[PDB]
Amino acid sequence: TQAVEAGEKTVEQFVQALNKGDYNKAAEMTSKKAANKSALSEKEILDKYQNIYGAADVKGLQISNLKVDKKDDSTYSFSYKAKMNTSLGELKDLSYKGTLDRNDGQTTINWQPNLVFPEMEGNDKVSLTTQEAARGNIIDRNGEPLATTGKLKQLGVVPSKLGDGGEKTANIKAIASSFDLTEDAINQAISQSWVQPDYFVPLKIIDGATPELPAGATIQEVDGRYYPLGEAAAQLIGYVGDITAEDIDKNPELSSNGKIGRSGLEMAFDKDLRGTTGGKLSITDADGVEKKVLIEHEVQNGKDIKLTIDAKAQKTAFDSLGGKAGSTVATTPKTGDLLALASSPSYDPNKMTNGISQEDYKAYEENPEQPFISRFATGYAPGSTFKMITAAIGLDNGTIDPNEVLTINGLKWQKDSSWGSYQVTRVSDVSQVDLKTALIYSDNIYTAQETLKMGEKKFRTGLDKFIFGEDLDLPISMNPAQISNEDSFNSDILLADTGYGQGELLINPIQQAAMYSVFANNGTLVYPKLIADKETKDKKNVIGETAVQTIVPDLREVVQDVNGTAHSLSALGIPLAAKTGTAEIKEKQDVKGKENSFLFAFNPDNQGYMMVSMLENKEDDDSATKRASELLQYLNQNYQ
């Protein structure tokens, strides 16, 4: 029985060597070649496993229900059940039998071809036929396509039908001029090592209409992934790339010929979009006639995915950022439907998924404004926009009297002399400041004093009723918002800065839209939703109804009052409640610090839409309010 345990260890080591993919190690655990022992030599067994398991992309061999008993003086029968993963899914309940040979002081496996698959005889062969699945679509709330499989017009040249050294340069310059292509790049393409004279060398995809084709140029129809909105949704949707051998080694169910999601929703929803590969894995006779079918299922095309996104709102929100750094979130605040998630600047996902030059890709990566960032999912200090949450907290716990008038003299203020050189700063020298005045002029000193008056304990008590620390049920990679680094401020200065949205606060635009939805639901926080069919989830009694009915009229005055910080939006003539902000950021990079512009706005009459826009590292005389007119007009018209 001390040898039965040795045979157990031998079978375990053999299964492990197969599982780890080291077929040489597994083959060396077999006895010598014979008719009573192993059916093949070690190198023959290695090539058999390598060829067959590699053809089926076998990964993760796991055994169970093992039993091994003595059969003769040196024979030891073993048996187990096996499960393994292939290109067509899981092979479950595989019954493996065999024999072991004990000799001298070592136990080896009398190898037989039934140790590759249970029903394999002498020189049986394995066949695998597969049908690739079509990738599902991503569509907006009205069925318009955001990511589909289209028929693209590929442009290319045949170097043989181009010229003979003289007319070649003429046709190269003609094809380079008539298609906005660098004339040096065309020759760089027809001079790669893989090119041959009679070959078709692709260059670029033609977006729509096909110009006149000079000599050598030809248009071939090629089907592939297509993104209609382009850069306007590139961060959200993402792109797909060719599947590599390493992708297959990680997940065998990928079609070693299809496309895999590399970023955004295409990657987050890769499983539901790529479908399931159909086909048949069968054992055949040595002549080629089928013996038994191990696996067989038919193709399952990927299912479509419908988003809450509005395509027209998405394109308008993106275009309004003029290619500058920033982002925009538009929701229906009563349900959380994310109408638009724009981030700028952006990259071309169509030229990214087809053929992207490595200098173009390095330009995207080295761009200081970083077009690959999903800015709607990046944490920022919310700026002066955060006042209206602090004020709502101050109204709930009774610290703030909406009509009590603080007397503020100057543009700088500090609690006492212990603050040193630091002082809270406002832009407008208004002497008599109450709550409505503070929201209209965006007065930091009023907010800082009221925050210090209510104290850290009451402040954090009101803040904890929001979504700080929560992970929203969204297929977008993001970090949870935070009030500060630790659970305590341990600083009056940091407490005041957090009071007007400027401390260690980190809230991304989507989390901002969720927190600010309280003013459109009488203090109920409505979680944002991106998938159209999901049910609305909310969180009641975050702030009081009295605080909403007090602040929202003041937010109307931020627009309508002649000195309100959002008064330019009065030109729209639509019911608006807004709040602006300008956060100062110390970014060690160049001359002094930069600043971000923020705008929050929603319809206070019907609560039909809500918008949060930002400009990151803004230019002088630039702001989010300056650019919000078009998106606000659209949302006001189409979302009552």
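All residue numbers refer to positions in the sequence shown, first residue = 1.
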{"property": "Absent coordinates for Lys534 in a third or more of other compared entries", "result": "no"}
{"property": "Missing coords for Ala34 in a third or more of other PDB entries", "result": "no"}
{"property": "Residue stretch of maximal mean CA temperature factor, 520-528 vs 77-85", "result": "77-85"}
{"property": "Comparing 381-389 with 405-413, the one whose average Cα B-factor in the PDB entry is higher", "result": "405-413"}
{"property": "Selection by C-alpha B-factor (highest) of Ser597, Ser31, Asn603, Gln50", "result": "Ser31"}
{"property": "Residue selected from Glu167, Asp497, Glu90, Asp337 by maximal Cα B factor", "result": "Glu167"}
{"property": "Chain-relative CA temperature factor third for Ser255", "result": "middle"}
{"property": "Chain-relative CA temperature factor third for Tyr239", "result": "lowest"}
{"property": "Record-listed C-alpha B factor of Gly105: chain third", "result": "highest"}
{"property": "B-factor third for the C-alpha atom of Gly593 within its chain", "result": "highest"}
{"property": "Among modelled residues of the same chain, the CA temperature factor third for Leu632", "result": "middle"}
